[PDB]
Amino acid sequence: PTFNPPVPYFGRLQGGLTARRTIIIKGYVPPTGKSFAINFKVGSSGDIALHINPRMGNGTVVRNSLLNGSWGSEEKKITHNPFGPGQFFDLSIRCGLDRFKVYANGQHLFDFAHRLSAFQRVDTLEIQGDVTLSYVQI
């Protein structure tokens, strides 16, 4: 469902991940949270075009890919951390031709260059771990 979906979340993106398709995720990080993940998955393989992994221990926003069975190299640079324990966040994820563009609370968070060139393979949005979702629009 769109409002208050429980975690873990499993959303079927109908007709694949489309260029210009925007995902909105509004949620809350618990005081006790250590980690949660948002994966843009291809179901057949289990490959992940984009794994976004906020980790509260170090306050990192980890981005990586799981392609051909292997983890790529991690991208971590941010200008802000919207995922502090006990915080609400509003994430807007846009799938561009060349990159994902992610904004948190209307402020740019990161861009992630496509590693899976064929982004249309992605038909699975997965959100899992220590996060409470108020709203997910796919």
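Definition used throughout: the rigid core is the maximal C-alpha set that superposes within 1.5 Å between two forms. Just count from 1 along the sequence shown to find any residue number.
- In terms of root mean square C-alpha deviation after superposing on the rigid core in 6 other deposited structures of this protein, the stretch standing farther out between 68 to 76 and 102 to 110 is 68 to 76.
- Note on 45 to 53 and 31 to 39: with rigid core alignment, C-alpha atoms in 6 other deposited structures of this protein sit farther from this form for 45 to 53.
- 100 to 108 and 43 to 51 differ in mean CA B-factor, and the higher of the two is recorded for 43 to 51.
- In this entry, the higher average B-factor at the C-alpha atoms falls on 2 to 10, of the pair 129 to 137 and 2 to 10.
- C95 sits in the highest third of its chain by CA B factor, as recorded in the PDB entry.
- Ranked within its chain, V122 lands in the highest third, by CA B factor from the PDB record.
- In the deposited entry, the Cα temperature factor of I25 places it in the lowest third of its chain's modelled residues.
- The entry lists a Cα temperature factor for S70 that places it in the middle third of the chain's modelled residues.
- For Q87, the recorded CA temperature factor ranks within the middle third of the chain's modelled residues.
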